[PDB]
Amino acid sequence: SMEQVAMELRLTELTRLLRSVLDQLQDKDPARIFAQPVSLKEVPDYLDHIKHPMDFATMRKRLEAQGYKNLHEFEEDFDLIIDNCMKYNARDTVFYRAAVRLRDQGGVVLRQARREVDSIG
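Here it is, written out as structure tokens:
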């Protein structure tokens, strides 16, 4: 149907915007602390602590299969990145502090992205 095609064009356009949002969020992590999943080889207890691991590469794979239906879903995965880090790592660590900075900086990007997703529809 033409209705389905038009839904697909909307998903594709959301996917384009979200890809730019993702690159902008990832520049707020120049150290690349959140670029890849936490290795179970190097933190074998990780899944005892953190029930839903998330990282930028995993977000990217989901994105390129157009697996984000809306900005809320994407924000959930972003928030997991930050929130997981701030529970597993202590306040006095390079990791926790890198999450704070990503959160603060990312919030600016997401504030406008939310207006662009409403605005462009």
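Residue numbers (my numbering): 217 to 337.
We treat Cβ as the ideally placed atom computed from N, Cα and C, and that holds for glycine.
Between the beta-carbon of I298 and the beta-carbon of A315, is there less than 8 angstroms? yes
List, from N- to C-terminal side, the alpha helix (DSSP H) runs of 4 residues or more that fit wholly inside the segment 244 to 279. Segments of the alpha helix (DSSP H) lying fully in the segment 244 to 279: 262 to 265.
For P260 and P253, what's the separation of their Cα atoms in angstroms? 13 angstroms
Minimum C-alpha distance to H288 - residue among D334, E219, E224, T309: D334
In whole angstroms, what separates the C-alpha of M218 from that of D245? 41 angstroms
Using only alpha-carbon positions, find the residue among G283, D308, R248 that is nearest to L318. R248
Helix, strand or coil: how does DSSP classify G337 here? Coil, per DSSP.
Cα-Cα separation, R276 to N300: The alpha-carbon of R276 is positioned some 18 angstroms away from that of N300.
What did DSSP end up calling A314 once you bin it into helix, strand or coil? helix
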